[PDB]
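Topology and contacts: notes
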Amino acid sequence: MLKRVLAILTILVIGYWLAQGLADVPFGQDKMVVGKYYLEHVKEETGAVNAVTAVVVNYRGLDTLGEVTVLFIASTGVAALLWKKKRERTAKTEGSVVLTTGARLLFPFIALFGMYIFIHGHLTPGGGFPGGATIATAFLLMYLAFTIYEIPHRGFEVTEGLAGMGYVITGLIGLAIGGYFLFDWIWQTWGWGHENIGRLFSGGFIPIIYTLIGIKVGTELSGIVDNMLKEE
Amino acid sequence: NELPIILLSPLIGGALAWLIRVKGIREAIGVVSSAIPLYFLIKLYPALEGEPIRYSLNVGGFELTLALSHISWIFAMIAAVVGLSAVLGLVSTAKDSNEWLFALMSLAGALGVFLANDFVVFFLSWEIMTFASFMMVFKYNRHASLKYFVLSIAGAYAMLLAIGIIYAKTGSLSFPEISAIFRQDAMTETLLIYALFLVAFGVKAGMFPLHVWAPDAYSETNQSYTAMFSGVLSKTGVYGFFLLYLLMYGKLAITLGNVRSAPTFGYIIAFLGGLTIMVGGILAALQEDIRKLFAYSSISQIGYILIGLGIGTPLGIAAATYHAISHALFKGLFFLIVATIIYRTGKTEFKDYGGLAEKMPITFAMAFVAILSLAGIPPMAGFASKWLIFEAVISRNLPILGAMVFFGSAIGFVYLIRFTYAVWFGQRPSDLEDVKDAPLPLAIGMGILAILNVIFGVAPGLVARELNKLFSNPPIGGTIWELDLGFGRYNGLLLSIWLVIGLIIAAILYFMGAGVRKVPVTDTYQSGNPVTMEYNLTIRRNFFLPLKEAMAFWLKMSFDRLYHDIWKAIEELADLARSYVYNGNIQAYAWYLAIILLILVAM
Amino acid sequence: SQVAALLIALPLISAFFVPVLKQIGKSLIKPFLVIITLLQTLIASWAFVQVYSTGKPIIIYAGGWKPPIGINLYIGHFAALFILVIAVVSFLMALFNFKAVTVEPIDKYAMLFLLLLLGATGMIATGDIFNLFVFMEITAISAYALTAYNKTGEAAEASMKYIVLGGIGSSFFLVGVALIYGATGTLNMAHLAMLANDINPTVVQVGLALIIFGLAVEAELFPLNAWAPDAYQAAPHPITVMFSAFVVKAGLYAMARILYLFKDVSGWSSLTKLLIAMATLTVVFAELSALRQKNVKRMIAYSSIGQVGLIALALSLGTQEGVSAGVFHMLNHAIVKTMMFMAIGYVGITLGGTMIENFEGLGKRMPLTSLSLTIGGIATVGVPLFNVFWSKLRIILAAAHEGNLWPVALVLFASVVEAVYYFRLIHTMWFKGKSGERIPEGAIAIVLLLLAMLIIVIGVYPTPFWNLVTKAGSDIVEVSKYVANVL
């Protein structure tokens with residue numbers, strides 16, 4: 001009883017310290033000193049009428065890059081922590097047959113829909129990460145309703161690194177002029193750009209980077225649950 | 001120009017004698033790498049009378065103003081000659097190539113502390129000197145070596161603490177101008193400065209609280225190295241206390257009221273010096289070893305300098321620096337002669353050799369100069385040095401402190417009689433028939449220190465007139481032969497010639513013939529009895545058992561035991577903090593994070 | 001010029017090309033790491049000689065959006081120097097790990113190493129507080145995955161306490177970011193320091209305290225350190241260098257960057273008076289826990305924490321005469337701790353293990369690699385005319401004008417204790433041997449020694465290198481010439 005009550009005392013003074021430190025404003029309006037520039041200059045400077053997809057890939061452009069660095073490092077870390085050259089399933093203990101056939105037919109129903117999330121970062125919220133995580137969910141449904149379902153690894157992490165390279169090759173061929181400069185809507189480099197401003201001609205540069213990052217994070221968690229469902 | 005070359009030259013000599021181990025040339029070109037500072041100092045000796053010689057070399061962003069004063073040259077001149085007289089005796093007694101890298105780095109530390117006129121050259125050279133001496137004695141008996149290293153790093157780094165405080169409180173770092181601003185506040189934070197500076201230079205002296213490195217670091221080592229380990233590597237403590245007097249004397253006398261005609265900080269350092277001469281002489285008696293006996297000798301004569309450079313603002317420094325030159329000059333010869341007798345023969349302990357004064361008469365005669373150079377003999381520098389120290393005591397009257405330094409001259413006399421008895425006289429054991437004479441390269445150092453001793457003793461004289469003028473306007477009106485004190489004279493011409501006349505009249509009453517037939521030693525008295533060769537008749541076991549049993553209470557309280565206690569307490573606290581703070585409990589580190597977050601709540 | 005923005009992009013593209021060539025064979029996997037970090041030294045040297053050419057840093061933009069609305073990489077006089085030294089240390093690691101770590105799946109170790117190099121050049125180039133957090137989490141998960149990469153129980157647990165402590169510190173750091181943004185509304189440190197003088201005196205205190213807190217946890221001082229002399233003890237031998245050389249310096253710089261970004265507010269003085277006290281509490285405990293230490297890798301692991309604590313001692317004391325000399329310790333202790341974990345690594349890979357019983361006897365048995373450990377262990381107390389002697393003298397003289405004589409007599413106390421556990425180690429490897437086994441190891445007999453001759457030249461010539469940190473202290477000393485060289 002000594003440790004729990006003493007922790008409750010110290011954590012109560014921590015919470016009181018944060019709550020006294022939370023006396024900035026009672027949910028008021030006066031917060032944006034630079035944040036108004038993000039809103040008033042998002043319809044004409046990037047093309048994406050979405051607010052968050054233009055600020056995190058174009059404005060804070062080195063932060064979805066650190067994000068995919070973190071997810072790729074989680075893949076290679078779990079793969080380095082679990083490595084035995086055998087990689088067998090557990091006991092597989094079948095259990096049901098409306099589950100295997102249940103996740104069979106439902107597997108392209110999530111494969112269609114997860115792609116729909118990351119192609120649409122224009123009028124729909126989100127970005128590449130919920131669509132990639134539910135692509136990994138579809139991989140998990142086929143992985144937790146079958147007796148093996150080993151997607152071939154030699155040829156699996158190739159496209160993950162290829163999609164991360166596809167991000168960075170837009171930064172490196174983006175280095176043909178300046179830092180990022182979008183390479184796609186402001187100069188007719190490979191195709192056209194800035195048709196209108198709706199969900200037509202795909203806005204500016206932000207959709208194809210979300211297809212590539214959604215493909216990267218789509219094969220991300222599926223590899224993690226793959227090499228963590230492997231016994232001796 | 002001509003000043004920085006002599007500071008890199010023993011460093012370059014330590015550098016060059018590492019690659020050149022191909023032939024028998026690491027001796028020859030190695031020893032003349034340390035023999036150029038005498039040629040460069042005496043080349044710049046007449047330019048001392050001209051306006052002073054300095055140099056800056058702004059390196060590391062610091063100042064490093066090296067400059068050579070009237071007295072820093074004097075300590076550097078004995079630095080060159082004592083560091084020479086060991087190092088040409090160091091061309092033997094090495095049995096490796098990893099000796100010259102450190103024993104020449106130490107001399108560049110020694111010339112650095114003496115030619116230090118700033119502080120950022122001072123502590124750099126002091127740290128280099130400490131390291132070189134440690135790594136010299138870091139070849140065997142590690143526990144003896146590391147004790148010296150921990151103590152001298154504590155002294156060096158407490159000096160870094162004291163220089164941090166005196167750089168904070170003043171603002172400026174430069175040592176020439178920092179005496180001016182202490183004059184500026186000469187008309188509660190400074191009793192720490194003096195005491196920490198005294199602990200900073202009680203590590204390279206014989207101070208009775210902290211001298212336990214001396215019976216180990218002056219003990220087992222290269223013995224031919226050791227002539228600079230006491231001859232210049234213990235003068236750096238003397239020059240430290242003298243630089244403290246060059247920093248402030250009056251500012252430390254107003255904040256600390258005088259106990260008598262002597263200043264109380266000078267009285268404290270001279271009282272610890274008088275205790276040093278007492279304990280150094282007494283522990284030199286019951287110390288059966290050839291070098292552990294001489295460790296207490298080397299720190300016995302330091303207390304003379306720290307008594308003279310304690311009390312008395314006139315003539316006190318002027319007599320203590322004289323004994324500093326004299327003592328280092330003959331103790332170089334004593335460590336040279338003990339290195340010769342430890343190299344030519346075998347083992348170390350007194351129960352190995354005796355009566356070894358006929359197989360090597362060059363050794364015997366050269367240290368007969370040194371026996372005369374100690375404890376007071378009127379042709380030699382020992383009597384001049386001790387007489388100057390006793391002259392500085394009576395002025396600014398001190399009766400309680402004059403007794404222990406006079407007792408120190410007595411106990412300085414006593415141990416040398418203990419040395420020259422069971423090492424040099426008596427019978428010889430039958431393992432010393434396979435021995436030779438003294439080699440020449442140690443004998444050149446013996447002859448150099450002997451001729452320098454005889455020109456030092458019979459006429460002070462040249463060094464007295466040197467340290468008199470251009471520094472603390474004259475207390476002594478000396479000449480080439482006399483000394484001319486304010487109330488004493490101490491002639492040297494008509495004091496040595498009355499000896500050599502008195503030895504002639506003594507030889508007249510002896511050199512008369514009538515049968516002077518030599519006899520063997522094995523046939524002797526033995527209470528009128530037969531005595532063979534296999535009788536240990538010369539005594540060699542402790543020699544002073546009533547002296548030990550007189551003060552058998554005083555020797556039960558040593559300081560070797562206390563420092564090992566305090567270090568074992570720190571070392572077991574090191575095992576304590578290892579297991580307490582650094583647990584395997586993850587939640588312990590979570591609790592540590594919650595505690596420091598709670599401190600951030602407390603603001 | 002934004003052509004020098006490849007300090008992050010080139011390690012990124014190569015770490016995304018190494019799982020592309022992991023199935024193309026086995027031969028060009030580990031030699032793919034050496035040529036890229038050589039290219040990293042090239043792109044670092046470009047920025048290094050371009051920064052010290054003029055008096056202006058390269059404001060590497062994050063696109064066509066001027067700061068503060070975008071991300072700026074203020075590659076200052078500090079940053080080009082540290083990107084250069086991490087490039088040369090990582091190139092010294094890549095030519096080391098080629099034949100010293102092949103026990104385990106190096107099939108995926110190369111990308112983990114190179115992503116640590118990415119977190120390196122990201123952390124000491126960041127301008128946004130968000131990018132500061134993101135690059136720190138890259139380095140954090142890099143360390144989570146790479147101190148665990150031995151799978152031997154004692155090494156498995158060695159990551160665990162660090163992953164849960166770095167998780168709680170990154171959590172607290174995001175709360176502090178949310179509170180500094182909660183008062184101001186801006187994120188870029190250019191627009192933050194000109195604003196954080198009158199935002200709120202009671203809101204900036206808790207935010208700054210928690211930001212310094214949560215950035216300290218991934219680094220080490222007193223509470224949040226004991227995973228580090230568990231990480232160096234149990235890791236692959238090359239990454240013990242790259243952790244002990246680099247990751248302590250990025251955390252201690254970015255802590256001491258953002259602390260000197262808010263040097264006008266109230267309550268900051270108590271924060272630096274805490275940071276002094278905790279840095280002094282970590283020079284004593286770390287460098288005294290190595291005294292009765294058995295494992296020699298742990299005996300150096302404790303020493304590397306005690307050297308970074310005295311970096312924290314002068315990185316937050318005042319403004320000058322020691323912050324520009326605190327950097328003089330960070331670019332110097334990385335080299336001498338590169339020497340340490342080379343020799344321990346080469347012993348642990350040649351003989352086997354790092355126990356003293358299989359470390360004893362290396363005077364005659366081992367070649368001058370033992371001399372490299374000798375000349376490294378000499379240079380942590382800094383005894384001869386060496387470089388840690390110059391630097392530690394600069395730090396102890398730095399603790400004079402403010403915070404004196406108690407935050408001296410503990411760091412300077414530890415160098416007395418650190419004097420003990422090195423010469424209880426150099427003695428038992430040179431003068432206790434009794435074993436003449438030649439065991440030739442002439443593959444690092446030159447490379448570690450040309451490194452060992454790099455600490456002998458800075459030891460005699462500090463003024464060709466101390467003039468650098470005068471103009472490289474100008475990124476941390478002030479705010480006004482920093483801000484005006486951004487906007």
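By convention in this text, residue numbers begin from 1 on each chain and track the written sequence, not necessarily the entry numbering, and residues missing coordinates are not displayed. Lettering for chains starts from A, numbering for ligands starts from 1, and both go in the order in which the items are written. Because the shown chains make up only part of a larger assembly, each value pertains to the shown part and nothing beyond it. Neither water nor hydrogens contribute to the side-chain values; these are computed over all heavy atoms in the structure.

In the PDB header, cryo-EM is given as the technique by which the entry was determined, and 4.00 Å as its resolution.

1. Quick word on helix α3 (residues 77–94) of chain C
For α3 of chain C, which comprises 18 residues, the first-to-last C-alpha distance of 26 Å matches the rise-based estimate of 26 Å (1.5 Å per residue) to within 8%. Categorising residues by exposure relies on relative accessible area from a 1.4 Å probe, with only protein chains included: less than 20% of the type maximum marks a residue as buried, more than 50% marks it as exposed, and the intermediate range marks it as partly exposed. Each helix is a run of DSSP H or I of at least 4 residues and each strand a run of E of at least 2, with the numbering of both proceeding from the N terminus. With 15 of 18 residues buried, α3 of chain C lies mostly within the body of the structure. Between the first and last residue of a helix there are one fewer steps than residues, each counted as 1.5 Å, and that sum is the expected span.

2. Remarks on the pairing of strand β2 (residues 72–75) of chain C
Residues and elements named next belong to chain C. Here β2 shows two buried faces, one formed by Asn-72 and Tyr-74 and the other by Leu-73 and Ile-75. The pairing of strand β1 (residues 58–61) with β2 spans four bridges and is classified as antiparallel. Looking across to β2, one finds that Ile-59 is bridged to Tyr-74. Note on pairing: DSSP must find at least two bridges between two strands before they are called paired.

3. Overview of unusual backbone geometry
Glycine aside, residues mostly have negative phi angles, and peptide bonds mostly take the trans form. The omega angle of the peptide bond from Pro-460 of chain B to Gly-461 of chain B is -20°, so this bond is cis rather than trans. Relative to the helices and strands, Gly-461 of chain B resides in the loop between α22 (440–457) and α23 (462–468). Residue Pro-68 of chain C follows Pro-67 of chain C across a cis peptide bond; omega there is 10°. Along the chain, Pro-68 of chain C turns up in the loop between β1 and β2. Even without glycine at this site, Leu-315 of chain B takes up a positive phi of about 65°. The topology assignment puts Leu-315 of chain B in the loop between α17 (302–308) and α18 (316–343). By relative accessible area, which is 17% here, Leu-315 of chain B ends up buried. The phi torsion at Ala-375 of chain B lies on the positive side, around 70°, for a residue other than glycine. Checked against the element boundaries, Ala-375 of chain B lands in the loop between α19 (361–372) and α20 (381–394).

4. Description of the packing of aromatic side chains
Think of it this way: a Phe, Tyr or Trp ring, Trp meaning its six-membered ring, pairs with another when their centres are within 6.5 Å, and the plane angle makes it stacked under 30 degrees, edge-to-face over 60, tilted otherwise. Per the stated rule, a full pass over the model turns up 82 aromatic pairs over all chains. Centroid distance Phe-553 of chain B to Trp-554 of chain B: 5.8 Å. Interplanar angle 55°. Geometry classified as tilted. Judged by its relative accessible area of 55%, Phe-553 of chain B is exposed. Seen in terms of ring centroids, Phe-78 of chain C and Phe-82 of chain C are 4.2 Å apart; in terms of plane orientation they differ by 40°. Their pairing is tilted. Of this pair, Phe-78 of chain C and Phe-82 of chain C are both found in helix α3, four residues apart, which corresponds to roughly one turn of the helix. Residue classification places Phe-82 of chain C among the buried positions, given a relative accessible area of 1%. We call a charge positioned above a ring when the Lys NZ or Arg CZ atom is no farther than 6 Å from the ring centre and deviates by at most 35 degrees from the ring normal. Here the basic side chain of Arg-89 of chain A rests over the ring of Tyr-143 of chain A, its NZ or CZ set 4.8 Å away from the ring centre.

5. Some words on the UniProt feature "transmembrane region" (unreviewed entry) in chain A
Residues and elements named next belong to chain A. UniProt's entry tags residues 65–83, 95–119, 131–149, 161–183 and 203–225 with the feature "transmembrane region" (unreviewed entry), counted in the numbering of this structure. Measuring from the first to the last C-alpha atom of residues 131–149 gives 21 Å, for a span that is 68% helix and 0% strand. Secondary structure within residues 161–183 divides into 52% helix and 0% strand; the distance between the first and last C-alpha atoms comes to 21 Å. UniProt positions are given in the numbering used here, feature names are shortened, and annotations may be inferred rather than shown by experiment.

6. Examining the interface of chain A and chain B
For interface size, the figure often reported is the accessible area lost on association. Contacts between chain A and chain B engage seven residues on the former and six residues on the latter. In short, buried area is how much 1.4 Å probe accessible area vanishes from two parts on joining, totalled over both. Buried area between chain A and chain B, both sides added, is near 680 Å², and the carbon and sulfur share of it is 83%. Ranking the residues of chain A by area buried against chain B places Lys-3, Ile-14 and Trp-17 of chain A at the top, with a combined share of 66%. The term salt bridge refers to a side-chain nitrogen of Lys or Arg lying within 4 Å of a carboxyl oxygen of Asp or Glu. On the surface where chain A and chain B come into contact, there are zero salt bridges. Under this definition, polar contacts are N or O atom pairs within 3.5 Å; protein pairs additionally need one hydrogen-donor-capable and one acceptor-capable atom, and for neighbouring residues in sequence, both atoms have to be side-chain atoms. Here chain A is connected to chain B by zero residue pairs in polar contact. Residues are grouped as follows: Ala, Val, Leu, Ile, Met, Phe, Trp, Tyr, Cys and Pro are nonpolar; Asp, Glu, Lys and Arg are charged; every other residue, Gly included, is polar. A breakdown of the residues in the side of chain A that touches chain B according to their chemical character gives five nonpolar, one polar and one charged. Two residues form a contact once any of their heavy atoms are found within 4.5 Å.

7. Things to note about the packing of helix α13 (residues 327–352) of chain C against helix α14 (residues 369–381) of chain C
Any two packed helices are characterised by the angle at which their axes cross and by the distance between the axes. Residues and elements named next belong to chain C. Interaxial angle, 0 to 180 degrees, is taken between N-to-C directions of lines fitted to C-alpha atoms, where a helix line uses only the stretch in contact. Packing of α13 against α14 leaves a shortest axis separation of 9 Å and a crossing angle of 145°. Our pair here, α13 against α14, has a crossing hand that is left-handed. Two secondary-structure elements touch here, α13 through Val-336, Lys-337, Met-339, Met-340, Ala-343, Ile-344 and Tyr-346 and α14 through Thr-369, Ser-372, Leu-373, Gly-376, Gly-377, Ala-379 and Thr-380. Of the residues assigned to the contact of α13 with α14, the class counts are eight nonpolar, five polar and one charged. Throughout, a crossing is termed right-handed when the near helix is turned clockwise from the far one, and left-handed when it is turned anticlockwise from it by less than a right angle.

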